[PDB]
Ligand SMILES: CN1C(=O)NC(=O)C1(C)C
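Starting off, we have a lone chain in the form solved without the named molecule, written out as structure tokens.
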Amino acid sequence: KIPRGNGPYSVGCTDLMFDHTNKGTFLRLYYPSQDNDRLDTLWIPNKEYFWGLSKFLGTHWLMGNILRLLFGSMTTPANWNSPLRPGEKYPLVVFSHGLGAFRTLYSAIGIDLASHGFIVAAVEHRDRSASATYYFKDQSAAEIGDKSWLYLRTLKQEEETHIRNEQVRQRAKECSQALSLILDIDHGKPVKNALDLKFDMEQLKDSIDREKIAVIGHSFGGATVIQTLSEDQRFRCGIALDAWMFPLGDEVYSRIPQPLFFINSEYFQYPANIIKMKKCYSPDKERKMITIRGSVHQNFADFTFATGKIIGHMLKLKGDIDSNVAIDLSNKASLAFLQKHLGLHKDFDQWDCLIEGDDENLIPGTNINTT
């Protein structure tokens, strides 16, 4: 089970695609909900995500069918299409998924953020870093729900530097474009969702605290955080969850004026990666780094809750730390960081000491010795 949020708000979930093309925005929205009696949200909504996943894992597409058999009816505890809780402007997080992932796979994070009074836009990237994604060739195809699927691109070694850097830049543009979409919906612009869903986007009118905007992401998405901040000053701070820094151009490192928080797993990180994180440091910049003791790369994704302890450890989906314990640390330290750098009037400062890595399951800074 994906954990429910720890916050006081009930959580709703919906999908938004606008426009309908490969260049439009696709996001999953997590939001404080009025009601708490809807159907739970389907975690992986289409068979083709499973084909994509099994390509990314390097198995036959028929393994996709077995993954579908095992995981295809799994839900996440968010009220599908629930009405948005009224009477309050909400801060906004744009969320970027890792390589081989897609918009739905960080609901433990998205639900928890939403339960504390955030609207969360988890983008689905069309850079061919997702396992799978879909869009519509044209208006006719959108109208009859005739989906065109785009699958993960495998790179030759010669393509790595260049294609990863082209992808992190498209990712950033996709994050800004998602933000401008939500801001326009907030500023009342009528938008026709390319998905025929029973959630009126008009609910989102006057619902965003327009100055309180952050960008968060895991792995490839953690590099997207940094690229996004350097390109789009509307984002006021970012949190890179076990960022994979390789996609970033040399030019970005001196170009990040916003506060930036690195939350790392113990077992993923390596010198080349930590050196790149340290290249983001400057005495006039706000920078923080913590490491979750006992944790693996996938402790930030929902896959860490999808299996039992033994199979989980085997598939490197779980570390020595309990998954609920690890995500609570990452989500609480994130909440405190967001309160500080967005100027929120909540009680998230109760977790300020986690920003400093002051917990029995936290390492301040990094365990990684560089030079």
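When you see a residue number, it is the position in the sequence shown, counting from 1. Definition used throughout: the rigid core is the maximal C-alpha set that superposes within 1.5 Å between two forms.
Take 134-142 and 77-85, fit the other structures onto the shown form by the rigid core, and average the C-alpha distances in 9 other deposited structures of this protein: the farther stretch is 134-142.
Two stretches, 56-64 and 333-341, are weighed by how far their CA atoms sit from the shown form in 9 other deposited structures of this protein after rigid core superposition; the farther one is 56-64. As the entry records it, the average C-alpha temperature factor is higher for 187-195, out of 187-195 and 113-121.
Legend: mean Cα B-factor per stretch from the PDB entry, 136-144 versus 236-244; the higher mean is in 136-144.
The maximum CA B-factor among the listed residues 42, 63, 326, 336, taken from the PDB record, is found at 63. Listed residues 73, 177, 269, 165 were ranked by CA B-factor as deposited; 73 comes out on top. Among the modelled residues of the chain, residue 15 sits in the lowest third by CA temperature factor in this PDB entry. Placement of the Cα temperature factor of residue 27 within the chain: lowest third of the modelled residues, per the deposited record.
The entry lists a Cα temperature factor for residue 54 that places it in the middle third of the chain's modelled residues. Compared with the other modelled residues of the chain, the Cα B-factor recorded for residue 205 ranks in the highest third. When the modelled residues of the chain are ordered by C-alpha B-factor, residue 252 sits in the highest third.
There is also a form deposited with the named molecule bound; it is not shown, and the following applies to it.
This chain lacks the partner; the member of 90, 136, 235, 244 within 4.5 angstroms of the named molecule in the entry with it bound by a non-hydrogen atom is 244. Listed residues 115, 269, 258, 219 were compared with the named molecule in the entry with it bound; 219 is the one with a heavy atom within 4.5 Å. Listed stretches are 225-233, 181-189, 96-104, 258-266; the contact stretch with the named molecule in the entry with it bound is 96-104, by a heavy atom cutoff of 4.5 Å.
Using a 4.5 angstroms limit between non-hydrogen atoms, residue 298 touches the named molecule in the entry with it bound. Taking a 4.5 Å heavy atom cutoff to the named molecule in the entry with it bound, the one contacting residue in 39-74 is 56.
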